[PDB]
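Chemist: Sharing a structure below in structure tokens format, with a few things to ask.
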Amino acid sequence: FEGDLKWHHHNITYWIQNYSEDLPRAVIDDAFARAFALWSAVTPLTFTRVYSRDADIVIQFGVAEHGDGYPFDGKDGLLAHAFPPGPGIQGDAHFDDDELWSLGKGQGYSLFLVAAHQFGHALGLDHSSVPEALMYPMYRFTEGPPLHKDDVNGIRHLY
Ligand SMILES: NC(=O)[C@H](Cc1c[nH]c2ccccc12)NC(=O)[C@H](Cc1cc(-c2ccccc2)no1)CP(=O)(O)c1ccccc1
Ligand SMILES: [Ca+2]
Ligand SMILES: [Ca+2]
Ligand SMILES: [Ca+2]
Ligand SMILES: [Ca+2]
Ligand SMILES: [Ca+2]
Ligand SMILES: [Cl-]
Ligand SMILES: [Cl-]
Ligand SMILES: [Cl-]
Ligand SMILES: [Zn+2]
Ligand SMILES: [Zn+2]
């Protein structure tokens, strides 16, 4: 994940490989679309859902070991991870399905916020030192616009 590359195109495509059993597919698709919309709203980037491995960002829910050298740890802890821009697995976003995925206030983790964070990494964004920023390393649920001034500046500095 220590990559230093950005996408050389702005028409990004994503493929939802599979789903979590905690939420309806329609809810999941909408959550991801809304997470992407957060970044496309402040950049010339566009995100189009596709149905092929040829997508730039492949999204998948997994548990424990799932193919890469970074297995999930089950309940809590690591919630998900994504690889920086590049071919192959690069740009892909993985979500730990051992977590209780939900939305808004309440128990469990907001798939919307975590996705937005993950897509940030999939776009090449590094972590923020601002505790209130979306790209902060530690998950924290709060209401209001997910993107903090620092997140906007970071993404705009790249695209
Ligand atoms: N419960 C949390 O806040 C955990 C804590 C954590 C960070 N790194 C690790 C590593 C191993 C275990 C836990 C953990 N953070 C995450 O699951 C984030 C993912 C995350 C953060 C958020 C988030 C942060 C701030 C505000 C809102 C959501 N949603 O999803 C991991 P990352 O920053 O995407 C990452 C990816 C690749 C390599 C190394 C780290
Ligand atoms: Ca735009
Ligand atoms: Ca990819
Ligand atoms: Ca976990
Ligand atoms: Ca789950
Ligand atoms: Ca909730
Ligand atoms: Cl599925
Ligand atoms: Cl939204
Ligand atoms: Cl939410
Ligand atoms: Zn993975
Ligand atoms: Zn992160």
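By convention here, the chains of the structure tokens are called A, B, ... in the order presented, each chain's residues are numbered starting at 1, and ligands are numbered starting at 1 in the order presented.
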Would you pick out the contacts of residue 2 (chain A) at 10 Å or less, using only C-alpha atoms, so that residues sharing its chain but fewer than 3 positions from it are not included, and give the list as JSON, numbers by chain?
Modeler: {"A": [5, 83, 84, 124, 126]}
Chemist: Can I get the selected residues back with C-alpha atoms, as a PDB file, in the first residue's frame?
Modeler:
```pdb
ATOM      1  CA  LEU A   5       1.042   6.434  -8.239  1.00  0.00           C
ATOM      2  CA  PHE A  83      -4.511  -0.832  -2.824  1.00  0.00           C
ATOM      3  CA  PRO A  84      -3.186   2.399  -4.410  1.00  0.00           C
ATOM      4  CA  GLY A 124      -3.950   7.241  -4.125  1.00  0.00           C
ATOM      5  CA  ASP A 126      -2.642   8.888   2.073  1.00  0.00           C
TER       6      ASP A 126
END
```
Chemist: What are the closest atom pairs, with distances in Å to one decimal, for each residue of region 75-109 of chain A lying within 9 Å of region 136-142 of chain A, using only C-alpha atoms, rows by chain and rising residue number, as a Markdown table?
Modeler:
```
| residue | atom | partner | partner_atom | distance |
| --- | --- | --- | --- | --- |
| A:79 | CA | A:139 | CA | 8.7 |
| A:104 | CA | A:141 | CA | 7.8 |
| A:105 | CA | A:141 | CA | 7.5 |
| A:109 | CA | A:141 | CA | 8.0 |
```
Chemist: With only C-alpha atoms as the counted atoms, please give the residues lying no more than 8 Å from region 95-100 of chain A, apart from itself and same-chain residues fewer than 3 positions off, as a PDB file with N, CA and C atoms, in the first residue's frame.
Modeler:
```
ATOM      1  N   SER A  20     -21.981  -8.355   1.221  1.00  0.00           N
ATOM      2  CA  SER A  20     -21.982  -8.746   2.625  1.00  0.00           C
ATOM      3  C   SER A  20     -23.383  -9.268   2.931  1.00  0.00           C
ATOM      4  N   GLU A  21     -23.507 -10.160   3.903  1.00  0.00           N
ATOM      5  CA  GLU A  21     -24.825 -10.681   4.247  1.00  0.00           C
ATOM      6  C   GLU A  21     -25.556  -9.826   5.284  1.00  0.00           C
ATOM      7  N   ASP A  22     -24.976  -8.685   5.643  1.00  0.00           N
ATOM      8  CA  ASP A  22     -25.591  -7.802   6.640  1.00  0.00           C
ATOM      9  C   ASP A  22     -26.578  -6.782   6.076  1.00  0.00           C
ATOM     10  N   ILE A  59     -14.307  -4.415  -6.003  1.00  0.00           N
ATOM     11  CA  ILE A  59     -14.765  -4.409  -4.619  1.00  0.00           C
ATOM     12  C   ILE A  59     -15.197  -5.803  -4.180  1.00  0.00           C
ATOM     13  N   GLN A  60     -14.703  -6.241  -3.031  1.00  0.00           N
ATOM     14  CA  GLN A  60     -15.079  -7.548  -2.526  1.00  0.00           C
ATOM     15  C   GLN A  60     -15.115  -7.612  -1.000  1.00  0.00           C
ATOM     16  N   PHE A  61     -16.019  -8.434  -0.482  1.00  0.00           N
ATOM     17  CA  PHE A  61     -16.129  -8.638   0.955  1.00  0.00           C
ATOM     18  C   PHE A  61     -15.447  -9.974   1.220  1.00  0.00           C
ATOM     19  N   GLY A  62     -14.593 -10.023   2.234  1.00  0.00           N
ATOM     20  CA  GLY A  62     -13.914 -11.264   2.555  1.00  0.00           C
ATOM     21  C   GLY A  62     -13.754 -11.443   4.050  1.00  0.00           C
ATOM     22  N   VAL A  63     -13.273 -12.618   4.446  1.00  0.00           N
ATOM     23  CA  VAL A  63     -13.044 -12.938   5.849  1.00  0.00           C
ATOM     24  C   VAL A  63     -11.698 -13.637   5.978  1.00  0.00           C
ATOM     25  N   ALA A  64     -10.971 -13.325   7.044  1.00  0.00           N
ATOM     26  CA  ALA A  64      -9.666 -13.938   7.268  1.00  0.00           C
ATOM     27  C   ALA A  64      -8.797 -13.825   6.011  1.00  0.00           C
ATOM     28  N   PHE A  72      -7.810 -10.550   7.087  1.00  0.00           N
ATOM     29  CA  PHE A  72      -8.588  -9.793   8.056  1.00  0.00           C
ATOM     30  C   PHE A  72      -8.490 -10.461   9.423  1.00  0.00           C
ATOM     31  N   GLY A  74     -11.047 -10.587  11.745  1.00  0.00           N
ATOM     32  CA  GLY A  74     -12.329 -10.876  12.356  1.00  0.00           C
ATOM     33  C   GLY A  74     -13.014  -9.643  12.912  1.00  0.00           C
ATOM     34  N   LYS A  75     -13.824  -9.841  13.946  1.00  0.00           N
ATOM     35  CA  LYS A  75     -14.574  -8.762  14.580  1.00  0.00           C
ATOM     36  C   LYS A  75     -13.699  -7.572  14.981  1.00  0.00           C
ATOM     37  N   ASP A  76     -14.100  -6.382  14.546  1.00  0.00           N
ATOM     38  CA  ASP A  76     -13.377  -5.148  14.839  1.00  0.00           C
ATOM     39  C   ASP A  76     -11.944  -5.146  14.304  1.00  0.00           C
ATOM     40  N   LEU A  78      -9.043  -4.336  12.054  1.00  0.00           N
ATOM     41  CA  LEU A  78      -8.943  -3.927  10.659  1.00  0.00           C
ATOM     42  C   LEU A  78     -10.334  -4.085  10.057  1.00  0.00           C
ATOM     43  N   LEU A  79     -10.887  -2.997   9.523  1.00  0.00           N
ATOM     44  CA  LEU A  79     -12.227  -3.025   8.942  1.00  0.00           C
ATOM     45  C   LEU A  79     -12.197  -3.322   7.453  1.00  0.00           C
ATOM     46  N   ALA A  80     -11.146  -2.853   6.797  1.00  0.00           N
ATOM     47  CA  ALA A  80     -11.002  -3.035   5.364  1.00  0.00           C
ATOM     48  C   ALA A  80      -9.680  -2.448   4.921  1.00  0.00           C
ATOM     49  N   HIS A  81      -9.350  -2.639   3.648  1.00  0.00           N
ATOM     50  CA  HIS A  81      -8.127  -2.075   3.089  1.00  0.00           C
ATOM     51  C   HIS A  81      -8.254  -2.006   1.578  1.00  0.00           C
ATOM     52  N   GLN A 107     -25.156   0.480  16.285  1.00  0.00           N
ATOM     53  CA  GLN A 107     -24.015  -0.422  16.371  1.00  0.00           C
ATOM     54  C   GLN A 107     -23.562  -0.832  14.980  1.00  0.00           C
ATOM     55  N   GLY A 108     -22.346  -1.359  14.899  1.00  0.00           N
ATOM     56  CA  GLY A 108     -21.814  -1.768  13.615  1.00  0.00           C
ATOM     57  C   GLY A 108     -21.066  -0.611  12.983  1.00  0.00           C
ATOM     58  N   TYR A 109     -20.507  -0.848  11.805  1.00  0.00           N
ATOM     59  CA  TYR A 109     -19.745   0.164  11.095  1.00  0.00           C
ATOM     60  C   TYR A 109     -20.471   0.633   9.853  1.00  0.00           C
TER      61      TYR A 109
END
```
Chemist: Hey, what does DSSP flag as alpha helix (DSSP H) within region 69-150 of chain A? Can you give it to me as a VMD selection string?
Modeler: chain A and resid 111 to 122 149 to 150
Chemist: Go ahead and dump the residues you just picked, N, CA, C and O atoms, as a PDB file, in the first residue's frame.
Modeler:
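File out00.pdb, as written:
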```pdb
ATOM      1  N   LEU A 111     -20.945   1.245   6.303  1.00  0.00           N
ATOM      2  CA  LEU A 111     -20.331   0.813   5.054  1.00  0.00           C
ATOM      3  C   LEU A 111     -20.067   2.032   4.165  1.00  0.00           C
ATOM      4  O   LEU A 111     -19.088   2.070   3.417  1.00  0.00           O
ATOM      5  N   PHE A 112     -20.950   3.020   4.246  1.00  0.00           N
ATOM      6  CA  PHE A 112     -20.815   4.255   3.467  1.00  0.00           C
ATOM      7  C   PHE A 112     -19.505   4.989   3.801  1.00  0.00           C
ATOM      8  O   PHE A 112     -18.704   5.280   2.913  1.00  0.00           O
ATOM      9  N   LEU A 113     -19.290   5.289   5.078  1.00  0.00           N
ATOM     10  CA  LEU A 113     -18.065   5.964   5.495  1.00  0.00           C
ATOM     11  C   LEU A 113     -16.808   5.127   5.231  1.00  0.00           C
ATOM     12  O   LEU A 113     -15.814   5.634   4.715  1.00  0.00           O
ATOM     13  N   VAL A 114     -16.832   3.847   5.589  1.00  0.00           N
ATOM     14  CA  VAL A 114     -15.657   3.016   5.356  1.00  0.00           C
ATOM     15  C   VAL A 114     -15.347   2.945   3.851  1.00  0.00           C
ATOM     16  O   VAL A 114     -14.192   3.049   3.440  1.00  0.00           O
ATOM     17  N   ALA A 115     -16.376   2.796   3.026  1.00  0.00           N
ATOM     18  CA  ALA A 115     -16.165   2.732   1.587  1.00  0.00           C
ATOM     19  C   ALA A 115     -15.514   4.029   1.091  1.00  0.00           C
ATOM     20  O   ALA A 115     -14.536   4.003   0.340  1.00  0.00           O
ATOM     21  N   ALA A 116     -16.060   5.161   1.522  1.00  0.00           N
ATOM     22  CA  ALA A 116     -15.537   6.455   1.114  1.00  0.00           C
ATOM     23  C   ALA A 116     -14.050   6.540   1.449  1.00  0.00           C
ATOM     24  O   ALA A 116     -13.247   7.021   0.643  1.00  0.00           O
ATOM     25  N   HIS A 117     -13.691   6.055   2.637  1.00  0.00           N
ATOM     26  CA  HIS A 117     -12.309   6.043   3.099  1.00  0.00           C
ATOM     27  C   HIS A 117     -11.501   5.141   2.176  1.00  0.00           C
ATOM     28  O   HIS A 117     -10.456   5.538   1.667  1.00  0.00           O
ATOM     29  N   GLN A 118     -11.995   3.923   1.958  1.00  0.00           N
ATOM     30  CA  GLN A 118     -11.293   2.966   1.109  1.00  0.00           C
ATOM     31  C   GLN A 118     -11.074   3.479  -0.310  1.00  0.00           C
ATOM     32  O   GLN A 118      -9.991   3.307  -0.874  1.00  0.00           O
ATOM     33  N   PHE A 119     -12.102   4.104  -0.879  1.00  0.00           N
ATOM     34  CA  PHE A 119     -12.010   4.615  -2.240  1.00  0.00           C
ATOM     35  C   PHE A 119     -10.986   5.740  -2.266  1.00  0.00           C
ATOM     36  O   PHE A 119     -10.319   5.973  -3.278  1.00  0.00           O
ATOM     37  N   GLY A 120     -10.846   6.423  -1.138  1.00  0.00           N
ATOM     38  CA  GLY A 120      -9.855   7.474  -1.069  1.00  0.00           C
ATOM     39  C   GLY A 120      -8.481   6.858  -1.295  1.00  0.00           C
ATOM     40  O   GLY A 120      -7.677   7.396  -2.060  1.00  0.00           O
ATOM     41  N   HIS A 121      -8.205   5.730  -0.639  1.00  0.00           N
ATOM     42  CA  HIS A 121      -6.917   5.047  -0.795  1.00  0.00           C
ATOM     43  C   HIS A 121      -6.766   4.490  -2.204  1.00  0.00           C
ATOM     44  O   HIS A 121      -5.667   4.507  -2.775  1.00  0.00           O
ATOM     45  N   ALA A 122      -7.867   3.967  -2.743  1.00  0.00           N
ATOM     46  CA  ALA A 122      -7.868   3.393  -4.087  1.00  0.00           C
ATOM     47  C   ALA A 122      -7.549   4.461  -5.114  1.00  0.00           C
ATOM     48  O   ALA A 122      -7.188   4.150  -6.242  1.00  0.00           O
ATOM     49  N   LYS A 149     -12.109  19.602   4.911  1.00  0.00           N
ATOM     50  CA  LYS A 149     -11.284  20.468   4.066  1.00  0.00           C
ATOM     51  C   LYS A 149      -9.971  19.800   3.683  1.00  0.00           C
ATOM     52  O   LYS A 149      -9.511  19.927   2.553  1.00  0.00           O
ATOM     53  N   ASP A 150      -9.360  19.090   4.622  1.00  0.00           N
ATOM     54  CA  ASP A 150      -8.104  18.406   4.340  1.00  0.00           C
ATOM     55  C   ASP A 150      -8.286  17.284   3.305  1.00  0.00           C
ATOM     56  O   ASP A 150      -7.397  17.042   2.483  1.00  0.00           O
TER      57      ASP A 150
END
```
Chemist: Give the answer as one residue: which of A:31, A:24, A:39, A:159 has the shortest atom-to-atom distance to residue 134 (chain A), using only C-alpha atoms?
Modeler: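 Closest to residue 134 (chain A), using only C-alpha atoms: A:39.
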Chemist: How many Å separate CA of residue 51 (chain A) from CA of residue 92 (chain A)?
Modeler: 14.1 Å
Chemist: Which is closer to ligand 2 than all the others in A:49, A:4, A:43, A:132, using only C-alpha atoms and all ligand atoms?
Modeler: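 For ligand 2, the nearest of the given residues is A:43.
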